[PDB]
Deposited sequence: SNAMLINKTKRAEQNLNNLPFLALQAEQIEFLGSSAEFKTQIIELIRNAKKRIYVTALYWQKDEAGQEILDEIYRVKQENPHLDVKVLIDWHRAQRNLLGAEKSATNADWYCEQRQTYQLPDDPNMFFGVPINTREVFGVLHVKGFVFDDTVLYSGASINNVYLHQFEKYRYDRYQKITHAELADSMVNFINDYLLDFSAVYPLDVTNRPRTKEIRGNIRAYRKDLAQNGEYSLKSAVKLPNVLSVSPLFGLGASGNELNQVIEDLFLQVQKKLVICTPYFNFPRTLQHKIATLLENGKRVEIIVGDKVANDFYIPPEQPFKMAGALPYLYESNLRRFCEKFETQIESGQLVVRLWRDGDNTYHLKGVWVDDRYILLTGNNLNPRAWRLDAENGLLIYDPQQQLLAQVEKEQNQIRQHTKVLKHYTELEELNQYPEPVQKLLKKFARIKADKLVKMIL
């Protein structure tokens, strides 16, 4: 029984005890920016950051300035920033992020002058996998979020890109995350500093990348010192996954979906679930459980191009996702109608939506950078903090964050409330038709 196998797997997870006071769910990207800054200024021992990227724009610069300032005050501060290797060395769609890290290092010229920026390659080509592991550790504090460092994620000006942010003050969790980074992520046969002029070329290190991915996929795991099974207290379990086989994070998500007793809530940026998760939703709906899915409106996707502007191919992506959502809402029309399935669309002017999350009944809360898409199931390196809350110690804080999240949403009442293809811009129509005919749209879903 897959369902009974799932209960067993969840019960077997190790968990570290967490006081409710040790966790805060931040409200907004502006708060997130403020917390980053406050945490950097107060750091005395270490600062570890794993993010998809850290951009050379004004927010990137303000944050990096804070780092150099504390580092110049504290020469023994252990600072390590891991970002995706490929993403750091290209432009979007003149200077790359890597060029900028070097520029900054040369320009500040700290007396110490250590390497601080490291590029992690999760595969030999960006398309076949990137670093999606999340977490910032400042001394004994974890700041966990799907957000990277650029203007929109930190609300530098008027626009923002919405994510979730959790601050956990817990020495043993912090030590576990830094240990993973040092022990598993930072393998110097494949990982190179990006803040030096002499960086190897990819072609130059293909074999090393391969061996590194294979090793990390099979062995990377977090370790806990004082973990128990089935604690009777609010608790946290750190999870890692890379690749399709023996992926603990994905096994946990699949099992979370199978073990819903009453209600499942899901946040995802794009409506693009792996088939395995789509099937598990269908079972839940067939068996009377409630399901709430929160995604961005078309216009809250960052590939969206206002139809007055000149159209580019990538601008069809939000429409591809919407029409897949429309098909889903049609399939589950009875459930939409009875309120068994709640589909919410987020929209706030031109701001974009990048929230990920899974909530199971009142019992589990998964904080993850996982986009819940086929890329995440096969290609990318992911992590998660699984919070177990058996006595509902966190229920009030979870609901407060969820109500903030729902503020800029509307409940879709009928699949016909979503635009049909004929209402789409003419070049999008052409494109979607072209792709659908030769099932290239299936390829897009699996790899983007």
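Several segments of the deposited sequence have no coordinates for C-alpha: 1 to 6, 100 to 103, numbered from the first residue.
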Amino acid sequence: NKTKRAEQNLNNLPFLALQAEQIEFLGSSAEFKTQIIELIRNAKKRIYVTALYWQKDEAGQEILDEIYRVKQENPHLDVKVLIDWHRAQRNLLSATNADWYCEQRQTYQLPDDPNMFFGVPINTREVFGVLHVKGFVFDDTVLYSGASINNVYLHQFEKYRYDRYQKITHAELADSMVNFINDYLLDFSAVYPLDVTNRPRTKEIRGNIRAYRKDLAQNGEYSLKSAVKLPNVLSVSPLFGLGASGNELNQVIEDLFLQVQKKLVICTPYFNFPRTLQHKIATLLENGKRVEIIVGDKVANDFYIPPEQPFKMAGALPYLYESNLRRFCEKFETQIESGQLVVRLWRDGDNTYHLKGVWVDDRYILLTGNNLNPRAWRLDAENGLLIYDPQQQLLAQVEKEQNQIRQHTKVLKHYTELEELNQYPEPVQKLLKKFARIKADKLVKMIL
From here on, numbers count along this sequence of modelled residues.
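For the segment pair 84 to 92 and 237 to 245, the entry gives 84 to 92 the higher mean B-factor, averaged over Cα atoms.
Mean CA B-factor, 298 to 306 versus 121 to 129: the higher value falls on 298 to 306. Based on the entry's C-alpha B-factors, the most elevated value among 340, 156, 352, 74 belongs to 74. Residues shown: 366, 110, 281, 137. Highest C-alpha temperature factor in the entry: 110. When all modelled residues of the chain are sorted by CA temperature factor, residue 97 is found within the middle third. When the modelled residues of the chain are ordered by C-alpha B-factor, residue 9 sits in the middle third.
Among the modelled residues of the chain, residue 285 sits in the middle third by CA temperature factor in this PDB entry.
In the PDB entry, residue 58 places in the middle third of its chain by CA B-factor. Per the deposited record, the Cα B-factor of residue 186 falls in the highest third when ranked against the other modelled residues of its chain.
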